[PDB]
Each structure stands twice: as C-alpha cells, then as structure tokens.
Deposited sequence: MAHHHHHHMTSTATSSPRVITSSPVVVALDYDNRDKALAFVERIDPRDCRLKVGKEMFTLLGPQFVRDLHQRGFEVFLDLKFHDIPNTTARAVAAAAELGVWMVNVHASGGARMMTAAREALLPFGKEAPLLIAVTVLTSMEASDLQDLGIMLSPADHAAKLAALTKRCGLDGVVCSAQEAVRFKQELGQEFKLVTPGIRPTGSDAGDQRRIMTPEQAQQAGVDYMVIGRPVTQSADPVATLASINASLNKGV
C-alpha cells in the first residue's frame, strides 16, 4: 500500500480482531500489533495478518540490553514485519546493536523506529526518574540520539512534527503514537499515522479509510 495509515488493532480477542481485518483491505492500510494482543496471541497472529496480505507494525517497544534487543529485532525481521520499535531510553549501544542486527536483512529489514518519551509522561513523572527536561525537550534529546545511531525514525506526535522535521531532517521518519486531521498531520511532516477507534469503531471501515486516504498524499 502507498497509504500512510496504520490501523491499530486494539482487541482483546482473536475473533473480533480478524472479523474487522476481514472487512478492510491491505491495499488501503497497514496494521499495528501491540503488546496486549501479542502477549495474548503471539507471532501466530502476525502470521495470520501476513497471510491476509497486510504489512504489520510490531509495536512491542523493546527495551533490553543491546544483545537481547538485537536478537528480538532480528526475530521480528524473521517474522517478516514491516516496522518494529525500541525504546531510545535503552541507550545508544542498544539502538546501534539493533541496527546492526538488521543490516544482513537488506531490503527485508523492517523499519526500525525508536520511542522517545511516552505520551503519558509529564514533567512530574520524569522528575521521579532524575529527568529535569520537559517531556518535549527530553524527547528531542532522545530523538537526536536515535538519528545519530542510524535508526529510521521515531514515534512522535503530530504536534511536534514540524519541530522534528526541521531539526532532524526530511528522511528521518516520524510515526505518530495514535487536534489535526490526517491531512494536517501529513502537512506537519508525519510519515506514518497510527489510527485506532476512528477506523475500528466505524460502521463502515472501508468507507472511513477511503475518505481518509482520499485526503492524503501517497
């Protein structure tokens, strides 16, 4: 697909999940598999989506020692996923090890994206941890580290996309976490946008996606 849309599958049941996926079409969007779904269903669920033609963002936010994170990212590449993420809080050596583990996969390597600051973190949450920079500023610091380590991009809200494209450049991918419309967020510089209930709770998911996609550059 050339759509920048990535639909979040936040189901707690495999029946419902694949009932939705049956409705829509892989030519129209990609899919995100997060921590709960994966913990409940495992990589077989990812294989189910691949067998249905979809490209998948595996959103497990790996955060471990460098060698383990590298092996996990390589495991995800062996699963065939399109995108995988790690925590930039794991540090430069961890992010570098993950990048090097994907080198041999060549053009089959998933996009390797870092989480910087979680959307839930406020300054009071950060200060407990010894962090005195604001969420946005700490995120900018971790995003610069991510780029220096050669990763493909970061998870970044649409509200920070202009700042981050300016500071980090056009090639460095911005993926939203999942107020701007999709077209506004694309204008801000978002490369891939995660969309959840607007699509999965739509009475007509295909028509919701068709109208979203009609508003976006491809």
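Missing from the model, relative to the deposited sequence, are the stretches 1 to 20, 199 to 211, 252 to 253.
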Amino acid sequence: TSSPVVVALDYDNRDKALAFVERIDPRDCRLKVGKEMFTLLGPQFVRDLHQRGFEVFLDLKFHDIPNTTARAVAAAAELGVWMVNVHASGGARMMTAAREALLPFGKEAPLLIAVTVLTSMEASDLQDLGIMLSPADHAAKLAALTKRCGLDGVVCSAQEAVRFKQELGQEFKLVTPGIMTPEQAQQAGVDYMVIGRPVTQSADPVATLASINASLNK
From here on, numbers count along this sequence of modelled residues.
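Remark: stretch with higher mean C-alpha B factor among 124 to 132 and 88 to 96 is 124 to 132. Per the PDB record, of the two stretches 58 to 66 and 183 to 191, 183 to 191 carries the greater mean B-factor over its C-alpha atoms. Out of 34, 43, 178, 153, it is 178 whose C-alpha atom has the highest B-factor in the PDB entry.
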